[PDB]
Ligand SMILES: *[C@@H]1O[C@H](CO)[C@@H](O)[C@H](O)[C@H]1NC(C)=O
Ligand code: NI
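Residue numbers (the authors' numbering), protein chains in the order written: chain Z, 539 to 642; chain U, 94 to 223, 240 to 459, 464; chain W, 109 to 323; chain P, 1305 to 1349, 1359 to 1500, 1503 to 1641; chain G, 730 to 775.
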C-alpha cells in the first residue's frame, strides 16, 4: 500500500529541545501503525539488523517454490522448475518433488 | 519548567507495559498532585515496580528478590517516607512509598484523618486475638517553649478526642501520658491500674498546662522516648507472659526542633531491639509497633518528624496540618464516623 | 519479523521488541508463536508462547537486561508452534558504551581498487556532529589487506590528516600497498580486499569516534 | 551468602552450576597500565611556572602515536612561545587550530606524539603564565594513551601546593568525606546572647569544655586528643566527664587553630560531624564547629580576660541549670 | 556589577533517552483517496 511520515510543521526552522511538534502520518486505512524514535548516535556503533522493506521482500523472494529462471529440459520440467504440477488422465504428469528447498 | 495550580498532566506507558494508578493528575491548592502515583510496570519482576513518585528519583531497575531501590528528591524538598525499599519475600517492598514534600504542602484535615485511621484501625483489628486489651498507647506531648501555649493547648484537646474515639470501638487499651521539655514528666504509666481507664487519662490530660514547662523550656525528645522505654521495659526476671503479643502505638506531637540529647532516633532503635522487631528474617514483627508523629510548632522540621515516624506500606505516619484548628477537626470527624471493622481473611495465633 | 527498538543495549536497560505474525501473503494472522532469547553462548535464557490472536498480528514484548550480564551478540529466536523447523532470528549487541557527539564516515573515491592504478586508493574522511554541524579536529587513518577471513595490518600506511571544515583527505600510495605483502607480483592481490580505519578527535579532546570501511 | 541445599527427583538428567559474583580486594594495581606519567610543577626564577611532563611505555616496542590531553589550572595558560618550539620539534605536533587562541581560552591543550620509547622517559616541558588570579585554584591533569586503545591509559594531577594534585578528603578504609571547606565557623564581639543562640541551634548536638591533652598530627589529618572537663550539653555521644575524644581537622586549618596542649577550650559541633563506629567515635572540626580558647583559672584575673570569663561562666550555668530555651 | 540569570532559576535538562516513542496508533480518520492521515502532537526530548 503506502506509508509516509513527514513533518506537520510549516517548515520554519529546527525544533528546540523540549518543544511540541506535529507528526503527520499518511498510511493505509484500518491499519495499525507502530512508532519508534531512535537517536542516530545509536547507529554510529551499530547499524546492522535494521528492519527494512527491502529485507522483507528479500525473505519472501528467497522462498519461492521455483528455482529455474525459466524453461526446462522438457514439458514436465517447465512446470516443476516454475512451481506447478501438471497431471493428466492421458499419462503426462510432472516430476515428483521430495525436497522442500531447491536443489543445490 | 513549573506547574501552576489546577494544571493537568497525563501519563502513558509504552507498548507491553501496564499502567496502574491515576493516568490524569491535577495540581491542587495544597501544592500536591491529585490521584495516586503513575507507574508503568511490565510485570516481569518478583515484586511489582515500585514506580517513581512525582518529584522523586528512583535508582534501581532490578525488581528481583532481596533487591533494593533508592529515592532522591529535588533540591529544596524534604523526602517523606523511605529512601530505600527492599523487595521482601512474598512480593512486597519494605518501608513505605516515598513522597517529595516542600514547605507549604501541609495536609488537609481529611487527608490526615483518612490516612491516620486507615493505618491505625488496621493495627487495631489484628490486636483483637484474643479486661485490658493487649495494646499500649503512649501519648508523648511536647511542651517546649518553641511551640507556644496556642499550639499546645490545642494539641491537648486534640488528644482528648482521640482517647474517646478509641473508646467508641469498645476497646480499653493501656495509655501513657508524658509531657516533656528539658526533662520528661510522666503523668500516666502503663503499669498503673488506671491506665486502662479512658476517663482518668483524659482528666490527667486536662490538669496539665503549658506553664508546667516554663521555667525549664527545653527540647530533649531523646529523654522523652526513653521515658516510654522504661514503661515497656522489664526487670528480667520478666520476660513477661504475653510480651510478644502486645502492640505498641506511640503518638507524639512535636515541631521536630530538638536541641538537647542529640538524635532521638537512637532510642527508637533500642525500642525495636527490646520488642525484638526486624531481628528475624522470617518474623519481622513490624505489626507490633506504630509511631505516629504530628507537627504542631510554628517551625516544624519535616526531616526529623519523618525519621521517627514508622514507614509501612500504603500507610501514613507523618502528618502536618495547616493550622491547629484543622488538627482538631481531624479528630472531630473520627468521633462521628464509624468505619466498618470486619475481620475477613484474618489469621489467629499462630495447635 | 522481529523489530528491536535499538541495535545495541547497555547492561541494565530493557530490550523493547515486537513480533509480526503474517502468512505467506504478508497479511495479519492470529497464530501461536514460540519466542526464545539466547545469550552470546547460544543458550536460551527465556522462552514464551504468545498468540497474535485478536492482536492484529502484533506482539509487543520486552526483556530486562540484568546489571551483571554477559556482553556479546545476543539473539532473539522465534517460530510458529506448528512449524518448529522454520525459525526466524534477530540479533542485538549488549555492551558497555557511550553515545558519541558526532559521526565519522569513510567513503573512498571509488567503490573498488584497480591493481595497476598508480594513483593509489584515495579515501574521503567526512565527519559531522549528530545535529548537522561540521567537526573540527584531527584524524588517524590506517589501511590493511584482508585475506580469507584474515587481516594483515599495514603499519606503514599510517597518516595524520587534519580535519578542517568537517572534512579530510587521505591517499594510500600504491608503493606502500605492495610493500605490505611479501609477494612481488601484484596480480596476486587480485581477489583480496582493503579496509580503512579512521579515528576523529576534537580539539577539546572530549570525544573520539572510530570508523571503518572494510570490503 | 548462605549454605543452601539442592534436591533433585524424578527421571532424567540435568546440570547444576553455582557461581558468586563480587568485588575482590585484588589491588595490587596500581594500574596506569603501559604508561609511567610523572608530572611536576615548579616556580620560575603573573607568577608563571614550569610544567615538566615525563612519560614511558611498558612494552617491548616503542609505542606508536600517542596523545597528550593536558588541562591547565584555573587562571593559567601555556606560554605561546614555548608551544611553537615543541610544535616544530621532531616527533611532536600541535594542531594549528590550537596555536591561535592566545590567552583567551587555552585551558585545554592536546600535544600529539609520534612515538614514546619504552626504555627511558621522553620528558618535555613548557612555561605556564597566570593570566587570571583567584583563590582556591583547581588542580590540572595530564592523560596519555594510544590512538587505537583509549581504555588503557594513565592520568596524573598536578597542583602548586597539594601533593600529586590530589584533593583534601578525610579517608578511612573506604569512606571519604570532602574536606574542601573552611576550618571552622568564624572569628565581632560575640556577646553572651550570641553564644546562647548559636549553641541551641537544631544542628548543634554536643557542647563540651575540653582540655587539649595530646596532639598527634600527621600529613592528611591531625588527631586532637581532647579531655571533656564537663558536658554542658549531653549530645548523642554517651560520654562521661574524664573520658577522651579524638578530634580531626585538615592541615590547612592547623595554622588558624593554633591549639596548644594543656589548654582549655569551649567547642560545640554538629551531629553530622561524627566519624567512625561506636564506641570508637571521632569528632570532626568542620566549618560548622565552634572553637574558643578558655582562659584558665588564674588567668581570669587579668584586666583583659575578665570580660571573657564572665561571659563563659554565665554561659555554662545558663546552659546547665535551665538548658537551651524553647 | 552583575546580570545574567540566577543559577537558581535554570531548569537543567535531564531526559536523554537512546530510544522513545514506543506506542501504537490507529488510522480511523475519514479516508480520502484511500489515504488516511493522523496528526500527532509529541514532546521532543532534551
Ligand atoms: C512468645 O513467648 C514465648 C515465651 O515462652 C515463646 O515461647 C514464643 O516463641 C513467643 N512467640 C513468638 C511469636 O515468638
Ligand atoms: Ni522545643
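Yeah, the Cβ is synthetic: ideal placement off N, Cα and C, and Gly gets one too.
What does residue i reach in chain W if we use C-beta pairs closer than 7 Å?
i: residue 96 of chain U; result: Ordered by position in chain W, no residue passes the 7 Å Cβ test against residue 96 of chain U, which lies about 28 Å from the chain.
i: residue 135 of chain U; result: 170
i: residue 1408 of chain P; result: 246, 270 and 311
Taking DSSP's pairing of strands, which residues face residue i in a bridge?
i: residue 172 of chain W; result: W:122
i: residue 252 of chain W; result: W:261
i: residue 293 of chain U; result: U:289
i: residue 1525 of chain P; result: P:1543 and P:1580
i: residue 166 of chain U; result: Answer is none; residue 166 of chain U lacks a bridge partner.
From residue i to residue j, what does the alpha carbon distance come to, in whole angstroms?
i: residue 1601 of chain P; j: residue 1495 of chain P; result: 7 Å
i: residue 1375 of chain P; j: residue 1431 of chain P; result: 5 Å
i: residue 1423 of chain P; j: residue 415 of chain U; result: 52 Å
i: residue 251 of chain U; j: residue 261 of chain U; result: 8 Å
i: residue 272 of chain W; j: residue 157 of chain W; result: 55 Å
i: residue 1493 of chain P; j: residue 387 of chain U; result: 39 Å
i: residue 1624 of chain P; j: residue 1345 of chain P; result: 49 Å
i: residue 1406 of chain P; j: residue 128 of chain W; result: 55 Å
i: residue 1540 of chain P; j: residue 1552 of chain P; result: 16 Å
Compare the C-beta of residue i with all C-beta atoms of chain P and state if any pair is closer than 8 Å.
i: residue 209 of chain W; result: no
i: residue 142 of chain W; result: no
i: residue 179 of chain W; result: no
i: residue 415 of chain U; result: no
i: residue 307 of chain W; result: yes
Output yes if chain W places a C-beta closer than 8 Å to the C-beta of residue i; else output no.
i: residue 577 of chain Z; result: yes
i: residue 308 of chain U; result: no
i: residue 1423 of chain P; result: yes
i: residue 748 of chain G; result: yes
i: residue 563 of chain Z; result: no
i: residue 1364 of chain P; result: no
i: residue 1325 of chain P; result: yes
i: residue 1465 of chain P; result: no
Any heavy atom of ligand 1 closer than 7 Å to the beta-carbon of residue i?
i: residue 353 of chain U; result: yes
Check the Cβ of residue i against every Cβ in chain C and list those closer than 9 Å, keeping chain order.
i: residue 572 of chain Z; result: This model lacks chain C altogether; the protein chains it does include are Z, U, W, P and G.
For chain G, find out if any of its Cβ atoms is closer than 8 Å to the Cβ of residue i; answer yes or no.
i: residue 164 of chain U; result: no
i: residue 461 of chain U; result: Coordinates for residue 461 of chain U are absent; the numbering of chain U skips from 459 straight to 464.
i: residue 608 of chain Z; result: no
i: residue 195 of chain U; result: no
Any chance the CB of residue i is under 7 Å from a heavy atom of ligand 2?
i: residue 364 of chain U; result: yes
i: residue 432 of chain U; result: no
i: residue 251 of chain U; result: yes
i: residue 1645 of chain P; result: The first residue shown for chain P is 1305 and the last is 1641, placing residue 1645 of chain P beyond what the model contains.
i: residue 254 of chain U; result: yes
i: residue 328 of chain U; result: yes
When you compare the CB of residue i with every CB in chain U, is at least one pair closer than 8 Å?
i: residue 169 of chain W; result: yes
i: residue 174 of chain W; result: yes
i: residue 124 of chain W; result: yes
i: residue 120 of chain W; result: yes
Which residues of chain G have a Cβ atom closer than 7 Å to the Cβ of residue i, listed in chain order?
i: residue 241 of chain W; result: Ordered by position in chain G, no residue passes the 7 Å Cβ test against residue 241 of chain W, which lies about 18 Å from the chain.
In chain Z, what lies closer than 9 Å to residue i by C-beta?
i: residue 115 of chain W; result: 576, 580, 581, 583, 584, 585, 586, 587 and 588
Taking only beta-carbon atoms, is residue i less than 8 Å away from chain Z?
i: residue 303 of chain W; result: no
i: residue 109 of chain W; result: yes
Could you work out which residues of chain Z lie near residue i, taking near to mean beta carbons separated by less than 8 Å?
i: residue 135 of chain W; result: Those within 8 Å of residue 135 of chain W in chain Z number zero; the least Cβ separation is about 12 Å.
i: residue 200 of chain W; result: 587
i: residue 205 of chain W; result: 583
Strictly below 9 Å CB to CB, what residues from chain U border residue i?
i: residue 1637 of chain P; result: 291, 324, 325, 326 and 327
So with CB distances below 9 Å, who are the chain W contacts of residue i?
i: residue 1378 of chain P; result: 248, 266 and 268
Could you list which residues in chain P have their beta carbon closer than 9 Å to that of residue i, in chain order?
i: residue 366 of chain U; result: 1517 and 1641
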